[PDB]
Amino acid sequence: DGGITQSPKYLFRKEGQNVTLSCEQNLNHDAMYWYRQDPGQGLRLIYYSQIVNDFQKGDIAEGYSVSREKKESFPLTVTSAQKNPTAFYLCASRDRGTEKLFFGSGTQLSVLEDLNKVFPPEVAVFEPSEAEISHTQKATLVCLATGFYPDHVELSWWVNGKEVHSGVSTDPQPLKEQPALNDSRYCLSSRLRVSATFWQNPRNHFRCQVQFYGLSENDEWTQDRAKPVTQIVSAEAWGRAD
C-alpha cells in the first residue's frame, strides 16, 4: 500500500563478485538511504541521496556504489572490492532534512565461495494426537523444516488458502542439526493450534510453507544434484474426523 521494496530477505555473494541490491519506493520521497548493520554499532549509513542524481558517501561507503537516475529507485551495488563477511543491509526513504525515515524490510547478504553446502529444506507436517483433541479440545499441527543450508528460510501457515498468524508459534531462529560439526545443516519447527472441531472437518485444509532463499538462475551450478535455487517447499494436511 505504498512502501519500500528492496532485494530479497537473503542473498548470496561469492568472493570477488559484484551484486546489486534494489530499492524502490512509491512515496515520492526525495531522500533515500542505505544502511549496513554492524554488530558493533548497529545501523550505519553507507550512502545517502537528497534528490535525483545526488549521493553523499557515508563513513563505510568503501566498496559500495549507488546511482539515483530516478526518484523512485536507489540501487546499492556491493562491488567485489567489498571485503565484508556478511551483513544486513537496510534501505530507507524520507522527505529531507531531519524528517521521518521509512524502512525497507532489510536484506542479509551472505558471503561464501562454496555452494556445495547449500541445500533447500525438506518439510513435513504432523497431525495432532487423538489424546490432545479429547483432553484440551484443541488441535496442534507441527511443522518440521529440515536439512537446509544456510539458514535462509521463512515459515508460514495457510489455513483454507489464507495465511494465518494467531495460533502460530514458530522458533525464533533455525538451529544447527549438529552444533558440534561446522558444515551442519539447519532445522526449524513451528506449531499451529486450532480448535478440535475445526480440525475434525475433512474439508479444512492446512499447509506449512517454507520459503527458501537459495541460488539464483544465473548462479552456476557445478554439482550433480538439482541446484538449490530459491523455492517454496510445502507440507499439507486435511482435517481428520475422528
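For every residue, the number given is its place in the sequence shown, counted from 1.
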So 59-67 or 177-185, which one's hotter by mean CA B-factor in the entry? 177-185
Comparing 16-24 with 230-238, where is the mean C-alpha B-factor higher? 16-24
Using the entry's values, work out which of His165, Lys83, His152, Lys162 has the largest Cα B factor. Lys83
According to the Cα B-factor stored in this entry, which of the following is highest: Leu76, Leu144, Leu112, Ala139? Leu112
Among the chain's modelled residues, which third holds the C-alpha B-factor of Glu122? lowest
Thinking about Cα B factors across the chain, which third does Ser216 belong to? highest
Compare the C-alpha B factor of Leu101 with those of the other modelled residues in its chain, then answer lowest, middle or highest third. highest
CA B-factor placement of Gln209, once the chain's modelled residues are sorted into thirds: lowest
Is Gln41 in the lowest, middle or highest third of its chain when residues are ranked by C-alpha B-factor? highest
